[PDB]
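> Pasting a structure here, questions to come.
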Amino acid sequence: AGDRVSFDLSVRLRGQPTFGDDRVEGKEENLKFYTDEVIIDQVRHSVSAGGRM
Amino acid sequence: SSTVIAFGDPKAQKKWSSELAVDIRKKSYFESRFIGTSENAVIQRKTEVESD
């Protein structure tokens with residue numbers, strides 16, 4: 001049951017490496033997730049066949 | 001709306017009937033009773049020129 005489904009993209013890691021012996025603990029790139037959503041509605045149509053005349 | 005073929009639309013099929021109505025012939029009076037070859041007839045016919 002639902003009228004909306006959301007699916008995510010995990011973008012690449014962009015950052016600066018720590019050259020030499022510079023301490024890296026505590027400087028940790030956060031994974032960036034991007035979101036999107038699609039919504040569902042009905043689409044109906046009807047045709048008529050006249051009468052008995 | 002709703003489809004209406006309507007009246008007078010070139011889609012409206014028409015069926016022609018084959019039976020003929022005939023204005024019948026007026027009943028004739030001077031039938032074979034009156035016309036005769038004998039003397040006793042209202043309309044006498046003379047065969048003096050039917051073959052000559």
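Just remember, in the structure tokens the first chain shown is A, the second B, etc., residues are 1-based per chain, and ligands are 1-based in the order shown.
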What residues in chain B lie within 9 Å of chain A, counting only C-alpha atoms, written as a PDB file with C-alpha atoms, in the first residue's frame?

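Done, and the output landed in out02.pdb:
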```pdb
ATOM      1  CA  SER B   1     -20.879  13.690 -24.361  1.00  0.00           C
ATOM      2  CA  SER B   2     -22.218  10.611 -26.138  1.00  0.00           C
ATOM      3  CA  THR B   3     -22.228   9.500 -29.762  1.00  0.00           C
ATOM      4  CA  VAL B   4     -25.334  10.434 -31.726  1.00  0.00           C
ATOM      5  CA  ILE B   5     -25.510   9.376 -35.359  1.00  0.00           C
ATOM      6  CA  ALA B   6     -28.315  11.965 -35.594  1.00  0.00           C
TER       7      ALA B   6
END
```
> Do a neighbour search on segment 40-43 of chain B at 9 Å with only C-alpha atoms, toss out local chain neighbours closer than 6 positions, and write the hits as a PyMOL selection string.
chain B and resi 30+33-34
> Write out as a list in words all residues of chain B that DSSP puts in strand (DSSP E or B) for this structure's backbone.
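Everything in chain B that counts as strand (DSSP E or B) is residues 35, 36, 43 and 44 of chain B.
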> Save the residues we just selected, C-alpha atoms, as an mmCIF file, in the first residue's frame?

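Output (part_11.cif):
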```
data_model
loop_
_atom_site.group_PDB
_atom_site.id
_atom_site.type_symbol
_atom_site.label_atom_id
_atom_site.label_comp_id
_atom_site.auth_asym_id
_atom_site.auth_seq_id
_atom_site.Cartn_x
_atom_site.Cartn_y
_atom_site.Cartn_z
ATOM 1 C CA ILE B 35 -68.754 -5.926 -78.050
ATOM 2 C CA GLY B 36 -69.995 -8.745 -80.262
ATOM 3 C CA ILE B 43 -70.922 -2.372 -80.025
ATOM 4 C CA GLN B 44 -70.818 -4.359 -83.258
#
```
> As a list in words, please: the residues near segment 9-18 of chain A (cut-off 12 Å, only C-alpha atoms, same-chain neighbours under 6 positions excluded).
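These residues fall inside the cut-off: residues 24, 25, 26, 27, 28, 29, 30, 31, 32, 33, 34, 35, 36 and 37 of chain A.
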> Could those residues be written to a file, using C-alpha atoms, as a CSV table (one decimal), in the first residue's frame?

```
chain,number,residue,atom,x,y,z
A,24,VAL,CA,42.9,11.8,9.9
A,25,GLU,CA,40.7,10.5,12.8
A,26,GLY,CA,37.9,12.9,13.2
A,27,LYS,CA,38.1,14.2,9.6
A,28,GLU,CA,35.8,11.7,8.0
A,29,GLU,CA,33.7,12.5,4.9
A,30,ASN,CA,30.0,12.0,5.4
A,31,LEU,CA,28.1,9.8,2.9
A,32,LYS,CA,25.8,12.1,1.0
A,33,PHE,CA,22.5,10.5,0.0
A,34,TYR,CA,20.2,12.3,-2.4
A,35,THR,CA,16.4,11.7,-2.5
A,36,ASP,CA,13.7,11.6,-5.1
A,37,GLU,CA,10.0,10.7,-5.1
```
> Which residues, written as number ranges by chain, have at least one atom at most 10 Å from residue 4 of chain A, with only C-alpha atoms counted and residues fewer than 5 positions away on the same chain left out?
A: 37-41
> What does the structure give for the distance between atom CA of residue 46 of chain B and atom CA of residue 27 of chain B, in Å to one decimal?
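Atom CA of residue 46 of chain B sits 25.1 Å away from atom CA of residue 27 of chain B.
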